[PDB]
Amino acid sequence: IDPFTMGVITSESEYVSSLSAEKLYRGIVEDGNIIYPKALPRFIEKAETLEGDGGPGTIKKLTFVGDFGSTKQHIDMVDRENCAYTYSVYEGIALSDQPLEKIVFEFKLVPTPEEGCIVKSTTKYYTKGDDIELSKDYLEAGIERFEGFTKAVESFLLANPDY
């Protein structure tokens, strides 16, 4: 029958940050070039803007410390008002024998009266090909890394409010 087939696999994780939405958002989205290497000094070597002004359509690049390469982030949505940010990664994303078309990363930070904010993180894996095999470890890996970056930045900013 020869159908066109695609899988979109969504993983969602939340946690409560002590840092306010606005500060966490500014740290990652506006000051990432400075803060990513300060928050993860032994993993992220450099974060820079390759193309664009910071909004939708911007291409950023993270360079990792040591023999772990580098990756471009293709910015898709930037919503300061609602502390929402989305970007895609297109290269070097095959998960074992499962090719992918893209991985999409999205967060939305929601102010909460008790603490700082609720950090709502999503990763979406878009599959290439006619079938699908993704283990729990690989699906969890993307969302753990992504939320891990956010937690590192939160922790840094709480310890050094000077940024």
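Heads up, when I say rigid core I mean the largest set of C-alphas that superpose within 1.5 Å between the two forms. Numbers for residues come from their place in the sequence shown, where the first is 1.
Looking at 129-137 and 38-46, the one farther from the shown form in 4 other deposited structures of this protein by average CA distance, after a rigid core fit, turns out to be 129-137. In 4 other deposited structures of this protein, superposed on the rigid core, the segment with the larger root-mean-square CA displacement between 85-93 and 71-79 is 85-93. Just going by the entry, 33-41 versus 59-67 on mean CA temperature factor gives the higher value to 33-41. Annotation for 117-125 versus 44-52: the higher mean temperature factor (C-alpha) is found in 44-52.
Looking at 10, 18, 13, 150, the one whose CA carries the top B-factor in the deposited record is 18.
Among the modelled residues of the chain, residue 104 sits in the lowest third by CA temperature factor in this PDB entry. In the deposited entry, the Cα temperature factor of residue 76 sits in the bottom third of values across the chain's modelled residues.
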